[PDB]
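Working notes for the structure below.
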Amino acid sequence: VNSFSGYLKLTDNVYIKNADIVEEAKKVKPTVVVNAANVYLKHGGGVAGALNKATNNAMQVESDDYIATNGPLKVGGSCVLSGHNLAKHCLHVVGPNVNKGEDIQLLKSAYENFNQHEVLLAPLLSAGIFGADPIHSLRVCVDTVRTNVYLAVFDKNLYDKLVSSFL
Ligand SMILES: CCNc1ncc(C(=O)NCCn2cnc(C(=O)O)c2)s1
């Protein structure tokens, strides 16, 4: 038993809700919140900009130190950093950005990072400003992640659409 509330169960291990991940995170304090990161951990917009703003820019400060030490992530890769006031940990995961020409097949590799964590609160990778089809992202999520994932979908219209079209 865990503290997530109001989710629709899609499969044995995947759950979905219409929620703001920032507000969802501040209420659950999950062990892991996933950020829709880029390779530079520059949290300007989308999910990343919103999560970072909720940390009063502490996420960005920590991220800049990480990059200065380690260099950029790989597309499809991840790193674990602090969750600040939102979660114990933040798993920064880089899905391919279609608006940058990155190969969509890397979306499966991106979701594989979730399997290193028993339970996660997460957005749909490569959705929103990353330019991929969210219906495809949900399919890859379901077919790749084996751990327990609670997906927060900000937009209500898209949420209804994802549910109604789910196979
Ligand atoms: C006082 C704090 N100010 C703010 N609160 C919320 C903000 C926001 O932009 N949220 C939406 C960003 N987002 C979340 N999920 C997705 C998705 O791709 O599903 C996209 S900004």
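Within each chain, counting starts at residue 1; across the structure tokens, chains are named A, B, ... in the order shown, with ligands numbered 1 upward in that order.
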- Task: Can you check which residues of chain A DSSP gives as strand (DSSP E) on the backbone and send them as a PyMOL selection string?
- Result: chain A and resi 8-9+14-18+32-36+78-82+89-93+119-122+148-153
- Near-ligand residues for ligand 1, threshold 6 Å, only C-alpha atoms and all ligand atoms, as a list in words: residues 20, 21, 46, 47, 50, 54, 123, 127, 128, 153 and 154 of chain A
- Using only C-alpha atoms, which residues sit within 12 Å of region 137-148 of chain A once same-chain residues fewer than 4 positions away are excluded, as a ChimeraX atom specification? /A:1-2,4,9-16,31-32,95-96,104-128,130-133,152-153,158-159,161-163,165-167
- Task: Could you jot down the CA of residue 18 (chain A) to CA of residue 102 (chain A) separation for me, Å, one decimal place?
- Result: 27.7 Å
- Hey, which of A:83, A:101, A:134, A:6 ends up closest to residue 26 (chain A)? Count only C-alpha atoms. A:83
- Report the distance between CA of residue 73 (chain A) and CA of residue 23 (chain A) in Å, rounded to one decimal place.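 These atoms are spaced 26.9 Å apart.
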- Which residue gives the smallest distance to residue 74 (chain A) among A:41, A:7, A:86, A:61, with only C-alpha atoms counted?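 Ranked by minimum distance to residue 74 (chain A), first place goes to A:41.
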- Message: From the options A:39, A:151, A:135, A:33, which residue's atoms come nearest to residue 80 (chain A), counting only C-alpha atoms?
- Response: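 Selected residue with least distance to residue 80 (chain A): A:33.
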- Query: What's the 9 Å shell around residue 42 (chain A), counting only C-alpha atoms, without same-chain residues fewer than 5 positions away, as a list in words?
  - Reply: residues 37, 48, 49, 60, 63 and 64 of chain A
Would you mind exporting the chosen residues as an mmCIF file, in the first residue's frame, restricted to N, CA, C and O atoms?
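Once written, again_21.cif looks like this:
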data_model
loop_
_atom_site.group_PDB
_atom_site.id
_atom_site.type_symbol
_atom_site.label_atom_id
_atom_site.label_comp_id
_atom_site.auth_asym_id
_atom_site.auth_seq_id
_atom_site.Cartn_x
_atom_site.Cartn_y
_atom_site.Cartn_z
ATOM 1 N N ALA A 37 14.018 15.812 -18.339
ATOM 2 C CA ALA A 37 15.251 16.571 -18.457
ATOM 3 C C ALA A 37 15.767 16.611 -19.894
ATOM 4 O O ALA A 37 15.391 15.809 -20.751
ATOM 5 N N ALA A 48 10.230 20.283 -16.580
ATOM 6 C CA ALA A 48 11.466 20.620 -15.882
ATOM 7 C C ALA A 48 11.431 22.039 -15.348
ATOM 8 O O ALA A 48 11.813 22.285 -14.198
ATOM 9 N N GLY A 49 10.974 22.990 -16.163
ATOM 10 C CA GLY A 49 10.882 24.361 -15.682
ATOM 11 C C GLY A 49 9.942 24.484 -14.501
ATOM 12 O O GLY A 49 10.197 25.249 -13.568
ATOM 13 N N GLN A 60 18.096 23.639 -10.201
ATOM 14 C CA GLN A 60 19.034 24.124 -11.217
ATOM 15 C C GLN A 60 20.440 24.282 -10.653
ATOM 16 O O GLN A 60 21.415 23.922 -11.318
ATOM 17 N N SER A 63 21.923 20.934 -10.333
ATOM 18 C CA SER A 63 22.147 20.394 -11.668
ATOM 19 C C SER A 63 23.386 20.998 -12.319
ATOM 20 O O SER A 63 24.152 20.296 -12.991
ATOM 21 N N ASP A 64 23.581 22.303 -12.160
ATOM 22 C CA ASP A 64 24.748 22.942 -12.755
ATOM 23 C C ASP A 64 26.038 22.376 -12.170
ATOM 24 O O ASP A 64 27.019 22.179 -12.895
#
- Message: as JSON, numbers by chain, please: every residue in region 14-157 of chain A that a backbone DSSP assignment puts in alpha helix (DSSP H).
- Response: {"A": [21, 22, 23, 24, 25, 26, 27, 28, 46, 47, 48, 49, 50, 51, 52, 53, 54, 58, 59, 60, 61, 62, 63, 64, 65, 66, 67, 68, 69, 70, 106, 107, 108, 109, 110, 111, 112, 134, 135, 136, 137, 138, 139, 140, 141, 142, 143, 144, 156, 157]}
- Message: Which residue is closest to residue 57 (chain A)? Choose from A:85, A:157, A:38, A:5 and count only C-alpha atoms.
- Response: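 The closest residue to residue 57 (chain A) is A:85.
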- What does the distance from CA of residue 90 (chain A) to CA of residue 43 (chain A) come to in Å, to one decimal?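 Separating CA of residue 90 (chain A) from CA of residue 43 (chain A) is a distance of 12.8 Å.
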- Note on the structure: One residue among A:160, A:129, A:29, A:78 is nearest to residue 44 (chain A) when using only C-alpha atoms, and that residue is A:129
- Message: as a count of residues only, please: the residues near residue 62 (chain A) (cut-off 9 Å, only C-alpha atoms, same-chain neighbours under 5 positions excluded).
- Response: 4
